[PDB]
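Since the structure comes first, as structure tokens, the remarks are kept for the end.
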Amino acid sequence: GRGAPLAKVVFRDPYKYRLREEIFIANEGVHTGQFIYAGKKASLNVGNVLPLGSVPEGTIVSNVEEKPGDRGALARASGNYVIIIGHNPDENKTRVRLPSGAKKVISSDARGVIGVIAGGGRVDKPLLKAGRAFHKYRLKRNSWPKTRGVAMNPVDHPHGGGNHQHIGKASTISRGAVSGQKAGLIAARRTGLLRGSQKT
Amino acid sequence: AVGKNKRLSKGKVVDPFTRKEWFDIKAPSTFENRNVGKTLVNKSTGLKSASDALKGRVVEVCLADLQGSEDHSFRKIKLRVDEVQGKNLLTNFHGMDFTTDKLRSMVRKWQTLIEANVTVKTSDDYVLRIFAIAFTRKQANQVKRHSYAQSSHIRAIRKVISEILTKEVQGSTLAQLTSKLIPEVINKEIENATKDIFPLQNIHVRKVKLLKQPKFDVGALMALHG
Amino acid sequence: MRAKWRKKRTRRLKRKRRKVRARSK
Amino acid sequence: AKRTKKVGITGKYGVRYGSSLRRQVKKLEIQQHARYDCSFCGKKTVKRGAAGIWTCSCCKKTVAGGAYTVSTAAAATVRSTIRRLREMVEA
Amino acid sequence: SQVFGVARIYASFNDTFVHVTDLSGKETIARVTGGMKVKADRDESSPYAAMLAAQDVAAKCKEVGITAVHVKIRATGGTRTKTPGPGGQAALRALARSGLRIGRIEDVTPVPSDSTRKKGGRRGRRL
Amino acid sequence: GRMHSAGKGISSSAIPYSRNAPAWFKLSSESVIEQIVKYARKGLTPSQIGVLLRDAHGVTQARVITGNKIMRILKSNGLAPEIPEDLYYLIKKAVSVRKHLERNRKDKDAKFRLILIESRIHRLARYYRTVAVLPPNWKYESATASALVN
Amino acid sequence: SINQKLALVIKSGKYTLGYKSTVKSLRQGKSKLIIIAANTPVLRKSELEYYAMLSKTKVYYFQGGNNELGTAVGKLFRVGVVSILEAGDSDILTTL
Amino acid sequence: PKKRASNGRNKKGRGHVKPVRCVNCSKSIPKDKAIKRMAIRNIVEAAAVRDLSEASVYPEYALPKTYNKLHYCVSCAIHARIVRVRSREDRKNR
RNA sequence: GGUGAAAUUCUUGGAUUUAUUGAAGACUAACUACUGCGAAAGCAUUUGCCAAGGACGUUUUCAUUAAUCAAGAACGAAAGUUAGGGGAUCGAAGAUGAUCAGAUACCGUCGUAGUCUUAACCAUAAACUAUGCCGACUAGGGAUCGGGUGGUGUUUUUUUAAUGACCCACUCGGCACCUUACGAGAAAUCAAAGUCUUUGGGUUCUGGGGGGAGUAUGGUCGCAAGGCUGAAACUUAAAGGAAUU
């Protein structure tokens, strides 16, 4: 159900004589038998989990925590990474560019894994046949095949009904719409083909 | 176009210089005649006050006025206001810039322009990007009117220029660096070190612009303005 | 006519002939 | 003997799915099924396992990488930038 | 014994700007321009209108308290003209002859280090 | 000239008219011959043997001092390389560009130079095969080229 | 160069190839210099350094892989470590 | 027929140079082909220095001069009378 | 704000302008030249790495391994195409402002594709020096680029050694240039476009009046746009080149 391979990194419990097994998302360049140094005073190496408050600017990180003590919030998909932009000494906060392209400000005690999540470029090959899509979605959830609402009856969908296949009303649905009318574009600021820069 | 505007206010008196107070500027002790000038600022109110609105300011002056002499006219010193003391704003060194008249004057044709820059941190943690310029010269008795270089002496002098600037900046503070650029001793050091590669002329340092400022340290400021 | 405009005209005319060609062959 | 002159590996799909899609899946499948070599041993034995996993048969060391490539160009650039930053900061 | 300021005489075509500024640069005094004195929309940058515009900039500054200013005459800059406007030099003479002493004239026109592109196309402004 | 370039510069060695020279030379013919094989025993190519004997010893050229040439002496005493020296360096240069072109693929200038070197190697190999120096079935194999240079 | 020096040694002096043969040469003390590629396992490299330090020999590192070491030696296969039994007509023992 | 030995302008042995833009009509022209005139004119107009000197703080000594290099296209240079046509004998003159 | 003049458009919601910064992409002025390199296209910030190349110096080596080229192969401006990233200026289309009898043209303001880069295609140009490549000879003059040689030459560090940078003389390869016209050309002009009716150094390609026509068809390459090869029927007595008045 996930396109990113997993790596089983085991540590040593400092308080009890017992081996702890941890599940980490494998990063590119990480191999079996590799020693991973997770903590604050580690080195800037691929696979290490140093917090964002002790790394230079421009650092590429993965598995970024939104808040301290989160154990992985952002950049958990294959081929994605988070870019460090800057840090504020007073009121320690790190500024991050997310894979979406949205600026974020998080705490300096948020641990992140150095590197790029493995399995990058996964969505570059057409599924070609319906069998591949069926197998991919079976391991994820019951969301395939999807039936168009314009080909439905008026009772089974707001967009259905009529002697033809047309929506009838505007596809754009306001944000303050109750459950039932939200069938289409939700709070669509703009429509049509995205030509030119997105002004992000 | 006093009578061509159609829509003047789409929505539908007291002179503003009565609520403004003069503030006299002062300069580091590196420059002899402190005597910077005066600037306007809104009167100290309970909402925004005058110190906060005057705290961030960079005033540009000329080195000839600061030092009194006239051989520093082509160099203008930029001073940044960062703290006040009751109607006398105090500044600090922020950068140095060669005037457009001088820079375009030494830049002639039939000569080689040697340029270099260095990113160097001082003792007081002032990350500085220092620029330098140099032009090849026609030596005496020479009849060839191009006086060009072979692009290998340029690299050699560029390396010597970079290491000279690094040596004289790493191991000194911002105040010492300011007291070093005014006598133009760095130019003498370069012309002593790159005279065995190519004659060169018009050895100068272009910009000493600032990049990073350390902790405020109001203690150093009080030593600067004695 | 200019060489560019004459060549463009005959190229558009060739495109039209080939479009007519594709209908039968 | 060049059984297929242009179709190449994806002759299994036949005449279906479109020439452009067949070409794209051929371009990616060539690298997916290509044989690579261990950086820990040098023998050309690295082969693709699951998505993002590259395991071998001689050295048995498994590497995490791209879906169809043992080393993504973006990953290589990121590693180079990380090494440069580490060298700058630790000097 | 003399408070100082900055002229910032922006000289271009179809318009001219004289905007007296204090030493620091934040304060603004007498931003009058040459387009609010002429009623032709073609003499806004003419030397005859710059003198009238600068005749008021030297009086408001005197009333405010400024007696002398520095001069930084500039052009449109960027990648358009790089040359001073027709009336920029006339504006400097107007406030100099109005009793306002000047000094340290500077050229601060923005010269680009080969940035962006210049409007007009590869075949020029064919007129 | 310049088989694979547009240059036309002339620069070569101008040997003297004296076929019996340099008169002031005093060492014996056998003394220089054992010096040639001693330098050849330590992997020096015939060009370097002549270069070293010309600037360090009093041997102007090994043709008038001896009765034969350097390569001729090497073959007679059994220190002749399997492949010609000029071909050996050409193949050595060829694998250098191939090594350069296996990492930086976007270098079209190296690709053009590599083709020129490979064409030059093939032309030289044709003459050597014709003159009965290399095996008649000898060929330049890109994969085996690195092994040939040893 | 190091490649030319190794080729000269292979041509003239006595050489042995492989890891077990290198260990045997170190044990018998017939080895002077050993060259280990930068691609060998770290455990094997460390044991080779231990044997070299016990036998008072010299250690050199080939900045490549087993393929590159074999190519420099003059062999088609992969060489992880080469032990230099006799210098021969070369100078790799005295210099570098 | 051929007019000049240097066909466009001053280009023998290069084949291609980075073009420049005219300052008047924004026409794209080769850097060699462009006709360049250097302006050394003073920052002030003709005369009027004596008016400036009386209202000049410090002992004057400023007298700045603006320096600019202007590139003109063939059409604009002829139209602006900067470059004028000549006879065939005068064409060869440099 | 802009134009010859205007207008669209932006301006009490502060336009334009000024001062302190930040972000994004593009680009490599001035130095920049009858200057350099590269097979051509082409290449201008600094530093590091990788391999490559011309010239020069050489009493080093091989030895005729060479020159030109059907077929065939590599590179090949811009524009265009496929799939991502990027997308600030300019800007095929398009939307408006005008001018004009008409203006979906020139001018003004916006603006998509594109302009940048990654991987794969496109094989075109006034891709021109409209002048194929190799070799030999032939009127003089100066400047300049790279290397080399000589002159107690000048300057430079420690006045004075070296080296470096300059002056003079010479040499090899260059980008080229000035004056003449033995000689050539229809002339314009040419140090080759000369050494061709005193016709022969080696080799490749192309053209046989102007249109039809680089069109039609047949092959071939390409995702397409298009590239390569490539007619005939029919029509005309003229087109075309250089100069003179």
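The chains in the structure tokens are called A, B, ... from first to last as shown; in each chain the residues are counted from 1, and the ligands are counted from 1 in the order shown.
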### Near-residue 72 of chain H list (12 Å; only C-alpha atoms (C1' of nucleotides); drop same-chain fewer than 6 positions) as a VMD selection string
(chain E and resid 124) or (chain H and resid 20 to 38 78 to 83)
### Query
Any idea what's packed within 12 Å of residue 97 of chain F, counting only C-alpha atoms (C1' of nucleotides), ignoring anything in its chain fewer than 5 positions away? Could you give it as JSON, numbers by chain?
{"F": [90, 91, 92, 102, 103, 104, 105, 107, 108, 109, 110, 111, 112, 113, 114, 115, 116, 117, 118, 142, 145, 146], "I": [50, 51, 52]}
### Message
If DSSP is run on the backbone, what residues of segment 73-146 of chain B are strand (DSSP E or B)? A reply as a PyMOL selection string would be ideal.
### Response
chain B and resi 75-84+88-98+113-121+127-135
Restricted to N, CA, C and O atoms, what would the selected residues look like written as a short mmCIF file (atom, residue, chain, number, x, y, z; two decimals), in the first residue's frame?
```
data_model
loop_
_atom_site.label_atom_id
_atom_site.label_comp_id
_atom_site.auth_asym_id
_atom_site.auth_seq_id
_atom_site.Cartn_x
_atom_site.Cartn_y
_atom_site.Cartn_z
N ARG B 75 35.28 58.00 -2.41
CA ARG B 75 34.81 56.95 -1.52
C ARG B 75 33.71 57.52 -0.63
O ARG B 75 33.93 58.52 0.05
N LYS B 76 32.55 56.88 -0.64
CA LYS B 76 31.43 57.27 0.21
C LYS B 76 31.19 56.18 1.24
O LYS B 76 31.05 55.00 0.89
N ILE B 77 31.15 56.57 2.51
CA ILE B 77 30.99 55.62 3.61
C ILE B 77 29.52 55.56 4.01
O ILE B 77 28.89 56.60 4.24
N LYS B 78 28.98 54.35 4.08
CA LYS B 78 27.59 54.13 4.48
C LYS B 78 27.56 53.76 5.96
O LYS B 78 28.19 52.77 6.37
N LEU B 79 26.84 54.54 6.75
CA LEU B 79 26.73 54.34 8.19
C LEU B 79 25.31 53.95 8.53
O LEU B 79 24.35 54.56 8.05
N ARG B 80 25.17 52.92 9.37
CA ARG B 80 23.86 52.38 9.74
C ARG B 80 23.51 52.79 11.16
O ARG B 80 24.25 52.47 12.10
N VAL B 81 22.39 53.49 11.31
CA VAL B 81 21.90 53.84 12.64
C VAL B 81 21.36 52.59 13.32
O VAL B 81 20.62 51.80 12.72
N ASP B 82 21.75 52.40 14.58
CA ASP B 82 21.28 51.24 15.34
C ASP B 82 20.93 51.51 16.80
O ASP B 82 20.46 50.59 17.47
N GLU B 83 21.12 52.73 17.31
CA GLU B 83 20.82 53.03 18.71
C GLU B 83 20.89 54.53 18.97
O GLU B 83 21.72 55.23 18.37
N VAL B 84 20.03 55.04 19.85
CA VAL B 84 19.89 56.48 20.10
C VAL B 84 20.22 56.78 21.56
O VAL B 84 20.21 55.89 22.41
N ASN B 88 20.45 62.31 19.75
CA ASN B 88 21.69 62.15 18.99
C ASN B 88 21.80 60.68 18.59
O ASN B 88 22.28 59.85 19.37
N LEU B 89 21.35 60.37 17.38
CA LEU B 89 21.40 59.00 16.89
C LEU B 89 22.84 58.59 16.63
O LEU B 89 23.64 59.37 16.10
N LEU B 90 23.18 57.36 17.01
CA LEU B 90 24.52 56.83 16.86
C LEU B 90 24.55 55.74 15.80
O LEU B 90 23.64 54.92 15.69
N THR B 91 25.62 55.75 15.00
CA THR B 91 25.73 54.91 13.82
C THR B 91 26.86 53.89 13.99
O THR B 91 27.50 53.81 15.04
N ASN B 92 27.09 53.12 12.93
CA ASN B 92 28.17 52.16 12.87
C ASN B 92 28.50 51.90 11.41
O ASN B 92 27.71 52.21 10.51
N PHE B 93 29.68 51.34 11.17
CA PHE B 93 30.11 51.07 9.81
C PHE B 93 29.23 50.00 9.17
O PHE B 93 29.01 48.94 9.76
N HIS B 94 28.73 50.29 7.98
CA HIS B 94 27.87 49.37 7.24
C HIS B 94 28.42 48.97 5.88
O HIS B 94 28.17 47.85 5.44
N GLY B 95 29.16 49.85 5.22
CA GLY B 95 29.74 49.50 3.93
C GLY B 95 30.49 50.68 3.35
O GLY B 95 30.47 51.79 3.88
N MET B 96 31.15 50.41 2.23
CA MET B 96 31.91 51.41 1.49
C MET B 96 31.70 51.14 0.01
O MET B 96 31.67 49.99 -0.42
N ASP B 97 31.55 52.21 -0.77
CA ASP B 97 31.17 52.06 -2.17
C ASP B 97 31.90 53.13 -2.97
O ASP B 97 31.90 54.30 -2.58
N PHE B 98 32.52 52.72 -4.07
CA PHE B 98 33.22 53.66 -4.94
C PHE B 98 32.23 54.40 -5.84
O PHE B 98 31.39 53.78 -6.50
N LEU B 113 41.08 44.63 -17.07
CA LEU B 113 40.42 44.85 -15.79
C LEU B 113 40.58 43.59 -14.95
O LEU B 113 40.03 42.54 -15.28
N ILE B 114 41.34 43.70 -13.86
CA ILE B 114 41.52 42.60 -12.92
C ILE B 114 40.62 42.84 -11.71
O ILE B 114 40.72 43.88 -11.05
N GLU B 115 39.75 41.88 -11.42
CA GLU B 115 38.79 42.00 -10.34
C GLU B 115 38.79 40.74 -9.49
O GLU B 115 39.07 39.64 -9.99
N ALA B 116 38.47 40.90 -8.21
CA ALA B 116 38.42 39.78 -7.29
C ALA B 116 37.53 40.14 -6.11
O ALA B 116 37.24 41.31 -5.87
N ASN B 117 37.10 39.11 -5.38
CA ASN B 117 36.29 39.30 -4.19
C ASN B 117 36.59 38.18 -3.20
O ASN B 117 37.07 37.10 -3.58
N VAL B 118 36.32 38.45 -1.93
CA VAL B 118 36.59 37.50 -0.85
C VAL B 118 35.48 37.59 0.18
O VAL B 118 35.00 38.68 0.51
N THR B 119 35.06 36.43 0.69
CA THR B 119 34.10 36.35 1.79
C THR B 119 34.88 35.96 3.04
O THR B 119 35.33 34.82 3.17
N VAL B 120 35.03 36.91 3.96
CA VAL B 120 35.91 36.75 5.12
C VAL B 120 35.20 37.26 6.36
O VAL B 120 34.53 38.30 6.33
N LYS B 121 35.34 36.53 7.47
CA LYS B 121 34.76 36.90 8.75
C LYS B 121 35.85 37.51 9.63
O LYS B 121 36.95 36.97 9.73
N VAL B 127 30.75 39.02 8.98
CA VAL B 127 30.98 38.40 7.69
C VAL B 127 30.95 39.47 6.61
O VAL B 127 29.91 40.12 6.38
N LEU B 128 32.08 39.68 5.95
CA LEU B 128 32.25 40.76 4.99
C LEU B 128 32.63 40.22 3.62
O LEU B 128 33.45 39.30 3.51
N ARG B 129 32.02 40.78 2.58
CA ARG B 129 32.40 40.52 1.20
C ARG B 129 33.16 41.75 0.70
O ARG B 129 32.56 42.81 0.50
N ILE B 130 34.46 41.59 0.48
CA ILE B 130 35.34 42.69 0.11
C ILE B 130 35.71 42.55 -1.35
O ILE B 130 36.19 41.49 -1.78
N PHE B 131 35.49 43.61 -2.12
CA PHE B 131 35.81 43.64 -3.54
C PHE B 131 37.07 44.46 -3.78
O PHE B 131 37.40 45.38 -3.04
N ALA B 132 37.79 44.10 -4.84
CA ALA B 132 39.01 44.80 -5.22
C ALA B 132 39.06 44.91 -6.74
O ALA B 132 38.50 44.08 -7.46
N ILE B 133 39.74 45.95 -7.21
CA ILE B 133 39.88 46.20 -8.64
C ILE B 133 41.33 46.53 -8.94
O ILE B 133 42.08 46.98 -8.07
N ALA B 134 41.73 46.29 -10.19
CA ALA B 134 43.09 46.56 -10.64
C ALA B 134 43.09 46.64 -12.16
O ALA B 134 42.37 45.89 -12.82
N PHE B 135 43.91 47.54 -12.70
CA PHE B 135 44.01 47.75 -14.14
C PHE B 135 45.46 47.67 -14.57
O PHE B 135 46.35 48.22 -13.91
#
```
### Message
Just want the 12 Å neighbourhood of residue 56 of chain H, counted on only C-alpha atoms (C1' of nucleotides), with same-chain residues fewer than 3 positions away dropped. Output as a list in words.
### Response
residues 68, 69, 70, 71, 92, 93, 95, 96, 97, 99, 100, 101, 102, 103, 104 and 105 of chain E; 49, 50, 51, 52, 53, 59, 60, 61, 62 and 63 of chain H
Tell me, counting only C-alpha atoms, for each residue of chain D within 8 Å of chain G, which pair of atoms is nearest and how far apart they are in Å to one decimal, in rows ordered by chain and increasing number, as JSON lines.
```
{"residue": "D:39", "atom": "CA", "partner": "G:39", "partner_atom": "CA", "distance": 7.6}
{"residue": "D:40", "atom": "CA", "partner": "G:39", "partner_atom": "CA", "distance": 6.2}
{"residue": "D:41", "atom": "CA", "partner": "G:39", "partner_atom": "CA", "distance": 6.5}
{"residue": "D:42", "atom": "CA", "partner": "G:66", "partner_atom": "CA", "distance": 6.7}
```
### Query
For chain A, which residues have at least one atom within 6 Å of chain D, if we go by only C-alpha atoms? Write them as a list in words, please.
residues 5, 28, 29, 30, 31, 32, 44, 118, 119, 120, 122 and 125 of chain A
Please produce a file of those selected residues containing N, CA, C and O atoms, as a tab-separated table (two decimals), in the first residue's frame.
```tsv
chain	number	residue	atom	x	y	z
A	5	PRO	N	9.91	2.03	0.06
A	5	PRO	CA	10.39	0.87	0.82
A	5	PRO	C	10.70	1.23	2.26
A	5	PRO	O	11.05	2.37	2.57
A	28	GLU	N	17.16	7.09	-0.10
A	28	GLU	CA	18.05	6.74	-1.20
A	28	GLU	C	19.49	6.71	-0.72
A	28	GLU	O	19.95	7.64	-0.05
A	29	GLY	N	20.21	5.64	-1.06
A	29	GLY	CA	21.57	5.44	-0.62
A	29	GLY	C	21.71	4.65	0.67
A	29	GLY	O	22.84	4.30	1.04
A	30	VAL	N	20.61	4.36	1.35
A	30	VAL	CA	20.65	3.58	2.58
A	30	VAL	C	20.69	2.10	2.23
A	30	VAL	O	19.87	1.61	1.44
A	31	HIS	N	21.65	1.38	2.81
A	31	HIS	CA	21.84	-0.04	2.55
A	31	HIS	C	21.78	-0.82	3.86
A	31	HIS	O	21.93	-0.26	4.95
A	32	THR	N	21.56	-2.13	3.74
A	32	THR	CA	21.53	-2.99	4.91
A	32	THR	C	22.91	-3.07	5.54
A	32	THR	O	23.93	-3.02	4.86
A	44	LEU	N	26.35	15.17	9.60
A	44	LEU	CA	25.48	15.45	8.47
A	44	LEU	C	25.71	14.38	7.41
A	44	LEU	O	26.39	14.58	6.40
A	118	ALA	N	13.31	6.91	-0.73
A	118	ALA	CA	13.53	5.98	-1.82
A	118	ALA	C	12.25	5.78	-2.63
A	118	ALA	O	11.15	6.17	-2.22
A	119	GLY	N	12.40	5.15	-3.79
A	119	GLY	CA	11.28	4.98	-4.69
A	119	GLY	C	10.92	6.22	-5.48
A	119	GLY	O	9.78	6.33	-5.95
A	120	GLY	N	11.85	7.15	-5.64
A	120	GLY	CA	11.55	8.37	-6.37
A	120	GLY	C	11.27	8.10	-7.84
A	120	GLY	O	11.77	7.14	-8.43
A	122	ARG	N	8.37	7.21	-8.96
A	122	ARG	CA	7.46	6.07	-9.08
A	122	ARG	C	6.35	6.34	-10.09
A	122	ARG	O	6.02	5.46	-10.90
A	125	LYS	N	5.41	5.91	-15.09
A	125	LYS	CA	5.08	4.84	-16.02
A	125	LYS	C	3.57	4.65	-16.02
A	125	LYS	O	2.99	4.43	-14.95
```
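Of note, atom CA of residue 155 of chain A and atom CA of residue 188 of chain A are spaced 24.6 Å apart.
When only C-alpha atoms (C1' of nucleotides) are used to measure the gap to residue 119 of chain I, the shortest distance among F:94, F:8, F:25, F:106 belongs to F:106.
Proximity to residue 59 of chain B was assessed for E:18, E:23, E:108, E:57 counting only C-alpha atoms; the smallest distance is recorded for E:23.
If you count only C-alpha atoms (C1' of nucleotides) and ignore residues fewer than 3 places along the chain from residue 40 of chain A, what sits within 12 Å of it is residues 37, 43, 44, 48, 49, 50, 51, 52, 53, 54, 55, 108, 109, 110, 111, 112 and 113 of chain A.
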Would you put the residues from that selection into a file with C-alpha atoms, as a PDB file, in the first residue's frame?
```
ATOM      1  CA  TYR A  37      23.393   7.815  14.086  1.00  0.00           C
ATOM      2  CA  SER A  43      27.038  14.116  11.663  1.00  0.00           C
ATOM      3  CA  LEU A  44      25.476  15.453   8.466  1.00  0.00           C
ATOM      4  CA  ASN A  48      20.903  10.411  10.090  1.00  0.00           C
ATOM      5  CA  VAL A  49      18.016  11.900  12.062  1.00  0.00           C
ATOM      6  CA  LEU A  50      19.505  15.164  13.322  1.00  0.00           C
ATOM      7  CA  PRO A  51      17.029  17.871  14.373  1.00  0.00           C
ATOM      8  CA  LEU A  52      16.547  20.781  11.994  1.00  0.00           C
ATOM      9  CA  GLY A  53      17.901  23.195  14.623  1.00  0.00           C
ATOM     10  CA  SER A  54      21.514  22.031  14.230  1.00  0.00           C
ATOM     11  CA  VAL A  55      21.955  21.813  10.449  1.00  0.00           C
ATOM     12  CA  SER A 108      13.992  23.771  16.021  1.00  0.00           C
ATOM     13  CA  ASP A 109      13.657  20.491  17.978  1.00  0.00           C
ATOM     14  CA  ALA A 110      11.929  18.633  15.118  1.00  0.00           C
ATOM     15  CA  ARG A 111      13.986  15.633  14.031  1.00  0.00           C
ATOM     16  CA  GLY A 112      14.329  14.894  10.332  1.00  0.00           C
ATOM     17  CA  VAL A 113      16.032  12.162   8.341  1.00  0.00           C
TER      18      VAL A 113
END
```
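Remark: for chain E, the closest of the candidate residues H:55, H:5, H:17, H:76 is H:55 (distances computed over only C-alpha atoms).
Reported to one decimal place, the separation of atom CA of residue 78 of chain F from atom CA of residue 72 of chain G is 24.2 Å.
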### Message
Neighbouring residues of residue 171 of chain I were defined as those with any atom within 12 Å, considering only C-alpha atoms (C1' of nucleotides); residues of the same chain fewer than 5 positions away were excluded. Please report them as a ChimeraX atom specification.
### Response
/I:56,147-150
Export N, CA and C atoms (P, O5', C5', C4', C3', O3' and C1' of nucleotides) of the chosen residues as a PDB file, in the first residue's frame?
```pdb
ATOM      1  P     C I  56      54.758  25.352 -35.417  1.00  0.00           P
ATOM      2  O5'   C I  56      55.734  25.805 -34.243  1.00  0.00           O
ATOM      3  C5'   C I  56      56.032  27.177 -34.035  1.00  0.00           C
ATOM      4  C4'   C I  56      56.644  27.412 -32.678  1.00  0.00           C
ATOM      5  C3'   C I  56      57.911  26.627 -32.377  1.00  0.00           C
ATOM      6  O3'   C I  56      59.068  27.215 -32.944  1.00  0.00           O
ATOM      7  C1'   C I  56      56.433  26.484 -30.536  1.00  0.00           C
ATOM      8  P     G I 147      53.142  32.801 -25.296  1.00  0.00           P
ATOM      9  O5'   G I 147      54.205  31.847 -26.000  1.00  0.00           O
ATOM     10  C5'   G I 147      54.111  30.438 -25.868  1.00  0.00           C
ATOM     11  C4'   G I 147      55.086  29.720 -26.767  1.00  0.00           C
ATOM     12  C3'   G I 147      56.534  30.175 -26.694  1.00  0.00           C
ATOM     13  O3'   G I 147      57.224  29.654 -25.571  1.00  0.00           O
ATOM     14  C1'   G I 147      55.898  29.924 -28.955  1.00  0.00           C
ATOM     15  P     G I 148      58.457  30.466 -24.934  1.00  0.00           P
ATOM     16  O5'   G I 148      59.633  30.279 -25.994  1.00  0.00           O
ATOM     17  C5'   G I 148      60.145  28.989 -26.292  1.00  0.00           C
ATOM     18  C4'   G I 148      61.045  29.010 -27.503  1.00  0.00           C
ATOM     19  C3'   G I 148      62.244  29.942 -27.431  1.00  0.00           C
ATOM     20  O3'   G I 148      63.321  29.399 -26.690  1.00  0.00           O
ATOM     21  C1'   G I 148      61.169  30.207 -29.515  1.00  0.00           C
ATOM     22  P     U I 149      64.296  30.365 -25.855  1.00  0.00           P
ATOM     23  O5'   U I 149      65.253  30.991 -26.964  1.00  0.00           O
ATOM     24  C5'   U I 149      66.051  30.156 -27.790  1.00  0.00           C
ATOM     25  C4'   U I 149      66.818  30.959 -28.809  1.00  0.00           C
ATOM     26  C3'   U I 149      67.578  32.161 -28.273  1.00  0.00           C
ATOM     27  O3'   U I 149      68.815  31.813 -27.679  1.00  0.00           O
ATOM     28  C1'   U I 149      66.376  32.790 -30.207  1.00  0.00           C
ATOM     29  P     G I 150      69.352  32.629 -26.402  1.00  0.00           P
ATOM     30  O5'   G I 150      69.990  33.945 -27.032  1.00  0.00           O
ATOM     31  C5'   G I 150      71.047  33.857 -27.975  1.00  0.00           C
ATOM     32  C4'   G I 150      71.262  35.163 -28.695  1.00  0.00           C
ATOM     33  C3'   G I 150      71.451  36.390 -27.818  1.00  0.00           C
ATOM     34  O3'   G I 150      72.763  36.506 -27.297  1.00  0.00           O
ATOM     35  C1'   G I 150      69.915  36.887 -29.538  1.00  0.00           C
TER      36        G I 150
END
```
### Message
Just want the 12 Å neighbourhood of residue 184 of chain B, counted on only C-alpha atoms (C1' of nucleotides), with same-chain residues fewer than 6 positions away dropped. Output as a PyMOL selection string.
### Response
chain B and resi 71-72+75+177-178+190-191+202-206
#### Entry: DSSP-assigned alpha helix (DSSP H) members of chain E, reported as a PyMOL selection string
chain E and resi 47-64+88-96
### Query
Leaving out residue 37 of chain E and any residue of its chain fewer than 6 positions from it, which residues lie within 9 Å of it when counting only C-alpha atoms (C1' of nucleotides), given as a list in words?
residues 1 and 2 of chain B; 44, 49, 50, 52 and 53 of chain E
Pull the closest atom pair for each residue of chain F that gets at most 10 Å from chain G, along with the distance in Å to one decimal, counting only C-alpha atoms, ordering rows by chain and then ascending residue number, as a tab-separated table.
```
residue	atom	partner	partner_atom	distance
F:38	CA	G:89	CA	9.8
F:41	CA	G:89	CA	7.0
F:42	CA	G:89	CA	5.7
F:43	CA	G:8	CA	6.3
F:44	CA	G:8	CA	9.7
F:144	CA	G:76	CA	8.8
F:146	CA	G:71	CA	7.1
F:147	CA	G:71	CA	6.2
F:148	CA	G:74	CA	8.2
F:149	CA	G:74	CA	8.1
F:150	CA	G:74	CA	4.5
```
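Atom CA of residue 21 of chain B lies 15.6 Å from atom CA of residue 46 of chain B.
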